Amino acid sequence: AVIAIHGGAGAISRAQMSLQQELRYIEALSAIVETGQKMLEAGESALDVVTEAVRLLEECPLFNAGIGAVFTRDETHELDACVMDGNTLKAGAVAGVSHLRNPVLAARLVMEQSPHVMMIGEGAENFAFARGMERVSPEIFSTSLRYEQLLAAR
């Protein structure tokens, strides 16, 4: 039984980082993979395990998913997620949603409670609200780190 996670692949320069900066990323990653390993060892499914790891990678502001989302050109957040079940070969996806704290949980909902693979924008949101998922403000994902990176790239 085994779990792998990532927090993005890109231009990570060692020159620009210190050890304690690096260690904050290492500890976040170690914590999350550990919870997944313990669930797997307890006998929890692949699906519940990947869902919980991606949820915690969402909740973690260090990572460009859920809380800590990057900003669009319009200084908005658009979040996408996807889950696929190796057993049933069912998948669910949400693209371009802004009022769902944990898009991977909406993607699970599309997978289990819809005859569709993918929902977008308001329709994805409305589908999740009608199945008891909480409406949040896009403001919750916003971090000064990601905000200052937008101003840079802008």
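We call the rigid core whatever largest set of C-alpha positions still superposes within 1.5 Å between the two forms. In this text, residue numbers run from 1 along the sequence as written.
Peer 1: Which of these two stretches, 111-119 or 62-70, has the larger RMS Cα offset in 8 other deposited structures of this protein when the rigid core is kept aligned?
Peer 2: Farther on average in 8 other deposited structures of this protein: 111-119.
Peer 1: Core-aligned, which moves more in 8 other deposited structures of this protein: 129-137 or 16-24, by CA RMS?
Peer 2: Once the cores are fitted, 16-24 deviates more in 8 other deposited structures of this protein.
Peer 1: Taking only the CA atoms, which stretch has the higher mean B-factor in the record, 122-130 or 44-52?
Peer 2: So the stretch with the higher mean C-alpha B-factor is 122-130.
Peer 1: By the record's CA B-factor, is residue 113 among the lowest, middle or highest third of residues in the chain?
Peer 2: It belongs to the highest third of the chain when residues are ordered by C-alpha B-factor.
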